[PDB]
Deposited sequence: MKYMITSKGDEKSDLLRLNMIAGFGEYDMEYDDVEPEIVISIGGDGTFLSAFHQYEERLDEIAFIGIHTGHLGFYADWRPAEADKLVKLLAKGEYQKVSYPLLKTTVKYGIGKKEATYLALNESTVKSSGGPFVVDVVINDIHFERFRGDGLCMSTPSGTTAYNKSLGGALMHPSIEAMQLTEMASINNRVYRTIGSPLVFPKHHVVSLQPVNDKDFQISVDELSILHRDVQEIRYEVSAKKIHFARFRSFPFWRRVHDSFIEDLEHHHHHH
């Protein structure tokens, strides 16, 4: 199979990558970073996120795998010590694929983005004020620091820090959380995180200022003269190559409770 390997670019990760490439040389495996079928990321979740965005135009043709040299690995299944076992298993085509939901962001002045973790919106530094419209229905006028829309796998990231729920990635949904909402006599938001199914469309519309800092995972990005920001669950999915059982809730336990 065609494969490539991205590295965090430190000594540890670069050497592990060189060793895996040497190991793949002993099988029918071609290194191709233009049209790979397998993308191996060696580093942290940041490296993994970069791999995803490198190859987001061929998501349906790629299965992703992560090796963690950190630190945490929510998108790592593998420790560096098991790199040889992985080469072997991967060479013999010994895996089933698992798909996770993604988030489509549309910015209208249209620019469209795909997020694996989340997309957030904040001011250019003045007040944030936006109207939140759900399936063409006006839901609330949000005043505060910003808003975050998360995929299920993203719920353990920024979402978690904002008080969001952790959602199993078999659920096809997206989750909206508030950053520092203003609530008083005058000014009212729901307060609570909101979980939306497939085919629901959440639209953010400016009230005064039309300049926003928009993030998509690790990318952040001042957008000027914005008319609308639209969120929905993508029709596209990320596919992981999976080689043993490592359930989501065990990954959550390992990352947050104890390992």
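Absent C-alpha positions map to the deposited sequence ranges 110-114, 265-272, in order along the chain.
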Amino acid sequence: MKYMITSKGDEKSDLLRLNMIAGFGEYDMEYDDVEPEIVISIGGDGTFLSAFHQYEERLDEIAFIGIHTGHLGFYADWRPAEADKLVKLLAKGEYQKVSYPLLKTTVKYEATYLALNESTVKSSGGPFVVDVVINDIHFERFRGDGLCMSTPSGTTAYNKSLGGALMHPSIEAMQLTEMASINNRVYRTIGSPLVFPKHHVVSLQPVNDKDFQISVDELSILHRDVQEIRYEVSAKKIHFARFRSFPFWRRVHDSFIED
From here on, numbers count along this sequence of modelled residues.
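Residue-level temperature factors show residue 166 in the middle third of its chain, judged at the C-alpha atom. Among the modelled residues of its chain, residue 118 has a C-alpha B-factor that falls in the lowest third, as given in the PDB entry.
The PDB entry assigns residue 206 a C-alpha temperature factor belonging to the highest third of its chain's modelled residues. Residue 44 sits in the lowest third of its chain by CA B factor, as recorded in the PDB entry.
Among all modelled residues in its chain, residue 160 ranks in the lowest third by Cα B-factor.
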